[PDB]
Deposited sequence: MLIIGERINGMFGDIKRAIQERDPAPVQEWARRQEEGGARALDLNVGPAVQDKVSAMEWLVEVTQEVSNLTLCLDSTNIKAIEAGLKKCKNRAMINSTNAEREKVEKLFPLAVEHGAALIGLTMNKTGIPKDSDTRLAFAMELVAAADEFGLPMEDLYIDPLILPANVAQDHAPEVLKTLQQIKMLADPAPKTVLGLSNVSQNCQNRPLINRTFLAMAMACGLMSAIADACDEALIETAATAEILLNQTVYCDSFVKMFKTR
């Protein structure tokens, strides 16, 4: 399970200020902590988008060798950021809109980057796992067309808050399982984990419980809170239960430090 650390996002006030002030310290500090949590990737979200992404990339990769996950709907910004990246990167994201696909799929191929794909077009987030499924298939077909390796496509079936859209959660579990049972080579799957618990009580609880359930349906990656030690515990334990990682008594520690 790949944990993509969520915290370097402009929607958080300290990051918005750091970016505005062009003060790299809060950014670099969140970079170490997330990594130290056990994240093996860093989500980067400006919250001049192109320049801000650039600074985010440079400032962050100056203290961290983690895979950088460029999080923006401005494709200019991702591209600029893609250019600044010292190592392989992830793009977050494209959806199933052909206009996006023809741009971001090749874009990803140019830079040897991973690509996250939302099971949706511009119509809106689908109400069921069938409609989701059908968007994930286009994503897959898009990969083959543009020669993006299937293991480099991360499909996001889009989880929704448990309080207002409770009926979506099992529908998302179902799509994951359907994608899991795709023929070799199969694509990967990722979630925007924290959204499952948006305005709910005991968010960390909900977050980690869905993490475990989604991994059983083959979840490969999660944008999430890397400084939630209990979430990280879940991540490492789930790996063991799926016989993805060899047991030892210190499995938690091995995950955090591997």
Unmodelled ranges, which are counted on the deposited sequence from position 1 and given in order: 48-51
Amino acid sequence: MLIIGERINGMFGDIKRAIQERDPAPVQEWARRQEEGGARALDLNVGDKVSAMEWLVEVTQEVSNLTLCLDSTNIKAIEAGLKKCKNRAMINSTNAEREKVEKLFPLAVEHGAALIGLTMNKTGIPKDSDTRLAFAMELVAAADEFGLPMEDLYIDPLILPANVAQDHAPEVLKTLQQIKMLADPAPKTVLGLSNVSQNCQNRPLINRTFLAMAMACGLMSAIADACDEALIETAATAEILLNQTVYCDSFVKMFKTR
From here on, numbers count along this sequence of modelled residues.
Greater mean Cα temperature factor according to the PDB record, 134-142 or 121-129: 121-129
Deposited CA B-factor, highest of 183, 158, 116, 164: 183
Relative C-alpha B-factor of residue 21, binned into the chain's lowest, middle or highest third: highest
Among modelled residues of the same chain, the CA temperature factor third for residue 71: lowest
CA B-factor ranking of residue 243, expressed as a third of its chain: middle
Relative C-alpha B-factor of residue 188, binned into the chain's lowest, middle or highest third: lowest
B-factor third for the C-alpha atom of residue 207 within its chain: lowest
